[PDB]
Every structure is written in C-alpha cells, then in structure tokens.
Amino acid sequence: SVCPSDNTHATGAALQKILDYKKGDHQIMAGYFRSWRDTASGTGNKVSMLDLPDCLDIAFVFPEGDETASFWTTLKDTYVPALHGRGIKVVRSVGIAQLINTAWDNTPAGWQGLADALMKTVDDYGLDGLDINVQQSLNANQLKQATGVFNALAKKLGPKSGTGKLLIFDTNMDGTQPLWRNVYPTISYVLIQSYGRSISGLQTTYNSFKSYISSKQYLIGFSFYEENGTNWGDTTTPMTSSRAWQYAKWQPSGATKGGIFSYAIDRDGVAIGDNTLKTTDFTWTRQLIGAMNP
C-alpha cells in the first residue's frame, strides 16, 4: 500500500516508505529479466532493467550467452546502482550445465576454481548473489561436481556465508532430486518453475521440499508470454482469474510461502499470441505484489 498504482519511481519520502516496506515482513516478488531483450543489448528491444517497479524484491539477470558488451557495461555502471537505490536485489542466473562443465576438475580444487569463476559474475557487477537453474537429473560424477561447487559458493553466498548475499536454487523438479538433498543447507531461496501447472499440485510439490526449508524460502513461478514462445496460459484475462493471480493468493496448508516470481518479467502485460516487442508499466507485477501484501 506504499507502492505506486502506476510505475512511478519514488525519490524521497515516497521512496523511504518503499525501502521500509521491503525491510519488513512481506511476500516477495522476483522476476527473470531476459538480458537479450534489454534496450542496452543489440537493437529493437523496448524494455530496460531501469523500468523495473520500485516494489520488486529481486531482479534476475538471465543471459542467453550472446548479449553485447554494452549490456554488461550498462548493468555494472548504471542498472545495479539504480536498482540498489530502489532496494531491489540483482542476482545473476546460470545453468547447472556451468557447474558440471568437464573443463573444470571434478576435485575439491576444481570445485573451488569453478566457484571462484562463477563468483566473478557476481563480484565484477556488485550483484546480490547467484541463481542456479536446475532443470535436469545428474549422474554420480555431475552430482559430485555440482555439490562441490555449491559447497564452495556457500562460503561467499547463502545462509552459510554470513555475507547477506543469496544462493538461489531454481528448478522445475521436486525436493527428491539428489542435488537438492546434497545442497539444501547452502540455499537462501528455492524457486519452483510452475508454468502451466495445476493449482491442485502446488501443495504436493511443496511437501517434497518443506522438511528441508521454512515456508518463507519457497517461491512459485509463472511465465509471461514470450514472443514466439510456449503458451503456458499463466497470464490470461481477466487477471484475477489467472494462474499468476492464483499463485499470489496460494499458501501451503498451515504456513505462509516466501512469494512468487515471473519468468520474462520484460514481457509484463503483453497479450498471449502478440509476438511483437512492446514497452511495459509492469501492471501485472505491481498488481500481484498488492494481491500478496494487502
């Protein structure tokens, strides 16, 4: 209720009230910003990470791996400080593929070396932590390497580090995945990719994790419509009937969830089927923040 009804960017009094909101108890909002859709990357893009709503908790930098040096420069020099001004945390996402890369020794030294290399994606940009995207099962050697890397990262990020920086586990699999069973003690938040998913399933998936976390570490994710993308149908009209809305309102039985996240937050409000790039006032984000913290 200290959050703008449009996407205004507070400056003084209006700002401090948003900072103090974020310092206190709330269901948090996170969003994956597709780096290749930032105005500072290539051309033709309409949305910039500077547009992101003041009442957002975490912004994920999600590169595809071809983004121009302009974007990274902009991120370091411009976007991170501005987003830090609004009390918005900025977190680099990387695929689990990076943590099981066989170019890196499957040894203690190898795990540290790989962690150090991944920590440069955080430190070199003044980021608030690292998000590992886990969407695949692992063999015994891949598991051993990924676990080692998590344990090394845990010295600088997440609940074991004492730095206040985040180590985030984002996945479309459940809490029986061996990697989760090995690294759950290192994890700040666990974000469940729940695009197109039955509301009837949310408790079942949550139950798989609940013994390893508090409810406040758990987030569920819906997708915005990606240009030429999968039709998850998470953002159908009317809004207050959408899967996204149902996610904001959903609570595990007996407890309160940590919040929700959007994939492709740069596509906030673009209709399902509209494959053009457009600007956004982040209506859906700000509305869903309000629907969680009334």
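Residue numbers here begin at 1 and follow the sequence given.
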| property | result |
| --- | --- |
| 186-194 or 68-76, whichever carries the higher mean Cα B-factor | 68-76 |
| Residue range whose averaged C-alpha B-factor is higher in the record, 98-106 or 79-87 | 79-87 |
| Chain-wide C-alpha B factor ranking for residue 39, given as lowest, middle or highest third | highest |
| Modelled-residue ranking by C-alpha temperature factor, third containing residue 233 | middle |
| Where the record places residue 27 (Cα B-factor, split into thirds across the chain) | middle |
| Ranked C-alpha temperature factor of residue 243 among modelled chain residues, by third | middle |
| Residue 63, C-alpha B-factor rank within chain (lowest, middle or highest third) | middle |
